[PDB]
Each structure stands twice: as structure tokens, then as C-alpha cells.
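Participant: need a structure here:
(chains A and B)
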2 protein chains.
Amino acid sequence: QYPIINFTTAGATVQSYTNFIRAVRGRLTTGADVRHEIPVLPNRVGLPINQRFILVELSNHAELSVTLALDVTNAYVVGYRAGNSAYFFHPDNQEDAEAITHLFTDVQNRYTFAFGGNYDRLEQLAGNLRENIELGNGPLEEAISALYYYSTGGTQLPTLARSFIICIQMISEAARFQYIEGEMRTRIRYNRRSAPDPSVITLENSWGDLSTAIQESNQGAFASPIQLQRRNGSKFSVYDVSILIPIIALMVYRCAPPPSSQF
Amino acid sequence: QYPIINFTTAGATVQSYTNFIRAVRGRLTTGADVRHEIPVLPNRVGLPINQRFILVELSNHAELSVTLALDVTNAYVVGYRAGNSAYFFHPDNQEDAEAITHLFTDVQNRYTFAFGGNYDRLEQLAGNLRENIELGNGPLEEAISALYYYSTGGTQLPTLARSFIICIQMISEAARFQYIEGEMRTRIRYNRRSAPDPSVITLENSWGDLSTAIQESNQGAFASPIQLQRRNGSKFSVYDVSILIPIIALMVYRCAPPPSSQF
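Facilitator: Numbering: from 1, shown residues only, chains lettered A, B, ... in the order given. Structure data below:
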């Protein structure tokens, strides 16, 4: 009964991927809460368990499916189901451990990993940094197969971690950032697989801080600039929400919006 | 041959005044130059004399007309014609003194005042501050008559200065600020005459600094906040262009726009 959105790599096009990311955004946030034109995900505080997650069912040309569970409070992958097994990243706290008991409740085999789904950890297990892991439709198709076969011994842990890294950036980070969505659409459009450049990496790294800075800004103006990088690795300073309007699609809830206080 | 826009106080309504201010804005600025969604008047540097001014012909229920000349670089009144006499505020420099020779060129009687048309001066000559001078359709109708009769000895200097103060705020400041336009539309709508409150006064006082601050901002964010007042006189700090989008309609050109430099 949590909302499901389907996507397939089989015959994927810029348009089918765009439709899919737009649907994911529409199930992640209502639109109750927009700050500077940028939507905010639901506040976890007081959020009912029936509204906590959404499910992304991914299929591939190999005719395999897996279902990722995303937390609506941060857009992040918390676990997945393949067939009669489900696996959850190690929960941050007791409330998160209880919440995940409400996902994939008829699966006969439920496992919680000892490790978290954060990039520092997954890259360590993968033996590769995000900057050395190709993204694109071929990587995603392959990642789906890897997650699918984990339960029967076909996927080694590094491969599994690599495959998480792929799914999280092509789904969760693309939902968070129109800019990352745009980078994935380009890879699909021109059949390219390629590792994310520093523009993608720094946006991923900065998403929580950008969320805070926008929400705590004085009328849009950041108290402290955030340094990002361009595609060539050069510095780009962000001083204001205005420059992020085309870039960021959704933010983690960080504070109550201050009163309208228009002139 | 400079563009003329007509307005009458006779039977004025919110709609006829709105039409009139929209027309004045459309002849003041092209739209070549918009910074944060807020239009900029033409740069005076290199501006051809044939594009320098516009003319506002004001008529009243008494069947009197005067024509104000506005400089397009700052929206300000530089002089007026009534019948066979024209009067110009004291020019700031030699380029401005030459420019005004191109206005009302067939008038038989041309005079330049020794005093400028700035508020500090006009209030001194009027013997009243803006905060003690009623604005509204009755004040404007009266101001038109006062300017009209100046040449024949019917208008004393304080009355003349008061009448300038009226015209400049109801025309030039309303063209500059949708907020001041809105305050004048309210006075027309409810037949009220009343002196401008601190929200109006501080916006007038700050127009040049707001223009600079927006144009020199870092992506919208002011280096230094500008303090305005609300209608009750309380402080309102402005940190960012975003809060001024509904308030300010046009700005004096202060600098070249920096490169787009989008992410």
C-alpha cells in the first residue's frame, strides 16, 4: 500500500526517465511546503508511518525486477526487495528500525545490513569512490541484476555496494536535483556511461547543507557561502537561493519557514 | 517628438491611473535590461539626446494642462511647460544643461530655476516635509492648477514647491515603485488625500541605494542590508532582491550586469 513508481532500463529514453523522476518527486513531497520556489520534503517529526515511504520498482532488459524503498523525509534508499528476500541498510536509530518493519511485510527473508547506505561506507565496501564508478543506463541495468542475484550468492559485496551507489545517484540524487537528473538524461540520450564529474559529486555532498542554508537564509541570502565545483573541478561559490532554482528540486526539512514578513 | 503620455485627474479611477503608470514605465525603459526580474532604466552614458526624455501631459477637471518632462535615466521630473512658458530645475552639470535645451523648443519663454528638484530643496522652499504634504487626486488636481498659474503671478513659491513634491511622488515615484503606485491607487479608489507614511518616504529615500545594492548583489544577496520602515515607522531590514520584486518596478542603471555565470 505505499505508492509504487515503475521504471525500466529496457529501451529507456530521456522521456521515460523524465516521467519516472517527475513521478517520484510527486510521491515524495506534497507541495504543502515550498521555500523560494523550491519544494521541501515532509518533516519527519510527527509523520505517520503510512506516509513514510515510497517504492520504486526497477526492471531491466534481462527481465529481472527489484524494489527499492525510499524514505520520503530525505529521498534516500533505505532497503530493497528482490523476490522472497529484503535487505535494509543499518538504521540510524530506534524509530528508523521500527519504521522499516512496515516495509515488504510478507517477504519471508528479511535482513538488516550492519553497514549504513551512506557514500563514505558504500565506497569503502565497493573499493571505489563515486568518481570512479560509471553511471548511465548500462550501469543501472547491471546494478539491477546485481541486487537481484545477491540472495543466491551471485553478487560479491563490492559489486553490491557499487550497485547501491549507482541506484542511489540515478534515483535519489536525480529526484533531489534537476541538475543531476539532466546529467543522467544526457547519458541516456547519447548512450554514454561515465562517472559523475565534480559538479555532481559536490551537489550530492552538499545537499543537506544547501537545504539548511536556503531554509535559514535571510530572504534568500546565505549567511555563509557554500562552495561547489564546476564540471572542470573549479570552485563555484553559492551566495543565494536564486542560483539554485534550476539546480535543486527538493530539500530535506531543516526548520519551520519564518513568517512571510512581506514589505 | 519625445513620446507623450496623457493623464487626467478629472474622473480618475484606479484603472485609468494604472494604465497611465504602465504607459510611463513602458516609455521609460525598453526591457533590454532586467536584473532579478526588475527592469533597469537606460544607462545615461552614450544615450542619444533623441532618446533622453519623455513627456507626461497632465490635465485636470479645471480644464488646465501642464506638461512634465522626465529624464529616462532616472524617471525624475526635470522641468515643465504650461502654455507659452517652461521652467527647468537647476541642472547638475553641463551635459544636463545642454540636454534640456532639446525640450519644449518652440516655447517663447524658457526659464531655469536656481534650485534643484530634489526633495531636500523643495521641502525647504515649500516650508513642509513630504510627511506633512497630502497626496491623492485632489492634491494632484490642485498641483496642476498651481503649476499652470505660476507664470502669471497666481502661485507663490512655497505652493509651487509643494505642487512639485506632489507631482514627483505621484508620477516619478509611482513609476519607480509598484508599492507607491499601489498607495496612490488606494487614495484614488477611496477618495482619500493623505500624506505619505514612512513606508513611502523611506522607499523614495532609498531608491538609488536599493538600485545599487541589487545590481551589485552576489546573486541577489546584499552585502549590506538596507533599512526601510513600515507604515507604522518600525524598521524593516532588506537583505535580498527577492523581497523587493513586488515593491520596486524600475532601477537607475548603476553598473553593468555581471556575467550570467549560471551553475
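Participant: The lengthiest helix in chain A - contacts with which helices or strands?
Facilitator: Across chain A, the longest stretch assigned as helix under DSSP state H is helix A:198-215. If you count contacts as 3 or more Cβ pairs under 8 Å, 6 or more residues apart in numbering or on different chains; DSSP states H and E, helix A:198-215 packs onto helix A:178-189, strand A:221-229. Any C-beta I mention is one placed from the backbone N, CA and C, and that applies to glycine too.
Participant: of the ones you listed, which approaches chain B most closely?
Facilitator: With Cβ to the nearest Cβ as the measure, strand A:221-229 is the member of these nearest chain B (3.4 Å).
Participant: what about residue A:259, how many neighbours?
Facilitator: Counted with other Cβ atoms under 10 Å in any protein chain shown, the neighbours of residue A:259 add up to 6.
Participant: got a list of contacts for stretch A:97-105?
Facilitator: By Cβ atoms under 8 Å, 6 or more residues apart in numbering or on different chains, the residues outside stretch A:97-105 that reach it are A:2, A:49, A:52-53, A:67, A:69, A:71, A:78-79, A:81, A:86, A:88, A:91, A:110, A:112.
Participant: PyMOL command for the buried members of those residues?
Facilitator: One line in PyMOL is enough to select the buried ones among those; burial here means 16 or more other Cβ atoms under 10 Å in any protein chain shown:
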select buried, chain A and resi 2+52+53+67+69+71+78+79+81+86+88+91+110
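Participant: any idea which of the contacts of stretch A:97-105 is closest to residue A:131?
Facilitator: When those are compared for distance to residue A:131 (Cβ to Cβ), residue A:78 wins out at 24.7 Å.
Participant: Name the residues that touch whichever helix or strand that closest one is part of?
Facilitator: For residue A:78, the element it lies in under DSSP states H and E is strand A:77-82. With Cβ under 8 Å, 6+ apart as the test, strand A:77-82 has contacts from A:53, A:64-71, A:86-89, A:96, A:100, A:103-104, A:107, A:117, A:147-151, A:164, A:167-168, A:171-172.
Participant: Just those: which are in helices?
Facilitator: Among the contacts of strand A:77-82, the residues falling in helices (DSSP H) are A:96, A:147-149, A:164, A:167.
Participant: and those, which two are the farthest apart?
Facilitator: Greatest spacing in the ones in helices among the contacts of strand A:77-82, by Cβ to Cβ: A:96 and A:149 (27.2 Å).
Participant: Run a quick neighbour tally on residue A:77.
Facilitator: By other Cβ under 10 Å, 19 other residues sit near residue A:77.
Participant: Against residue A:164, how distant is it?
Facilitator: 7 Å (Cβ to Cβ, to the nearest Å).
Participant: again, but for residue A:227
Facilitator: Counting by Cβ to Cβ, the separation of residue A:227 from residue A:164 is 27 Å.
Participant: higher neighbour count, these two?
Facilitator: A side-by-side neighbour count of residue A:227 and residue A:164, using other Cβ under 10 Å, places residue A:164 first with 25 against 10.
Participant: which residues touch the closest residue to the more buried one other than its chain neighbours?
Facilitator: Using Cβ to Cβ, 6 or more residues apart in numbering or on different chains and skipping the chain neighbours, the partner closest in space to residue A:164 is residue A:122 (5.3 Å). Taking Cβ under 8 Å, 6+ apart as the criterion, residue A:122 is in contact with A:115, A:161-162, A:164-165, A:168.
Participant: So which bits of the stretch 101-250 of chain A are right by chain B?
Facilitator: Counting by Cβ under 8 Å from any Cβ of the partner chain, the positions of the stretch 101-250 of chain A adjacent to chain B are A:179, A:199, A:217-222, A:225, A:228, A:230, A:236, A:238-244, A:246-247.
Participant: Now with 10 Å, please.
Facilitator: The stretch 101-250 of chain A comes close to chain B at residues A:179, A:199, A:203, A:217-223, A:225, A:228, A:230-231, A:236-244, A:246-248, as judged by Cβ under 10 Å from any Cβ of the partner chain.
Participant: among those residues, which ones are buried?
Facilitator: Counted by 16+ other Cβ under 10 Å, those give A:179, A:199, A:203, A:217-222, A:228, A:236, A:238-244, A:247-248 as buried.
Participant: Give me the domain ranges for chain A.
Facilitator: Per curated CATH domains, the domain ranges recorded for chain A read A:1-175, A:176-263.
Participant: Which of the ones in helices among the contacts of strand A:77-82 sits closest to residue A:135?
Facilitator: Closest approach between the ones in helices among the contacts of strand A:77-82 and residue A:135, by Cβ to Cβ: residue A:167, at 10.0 Å.
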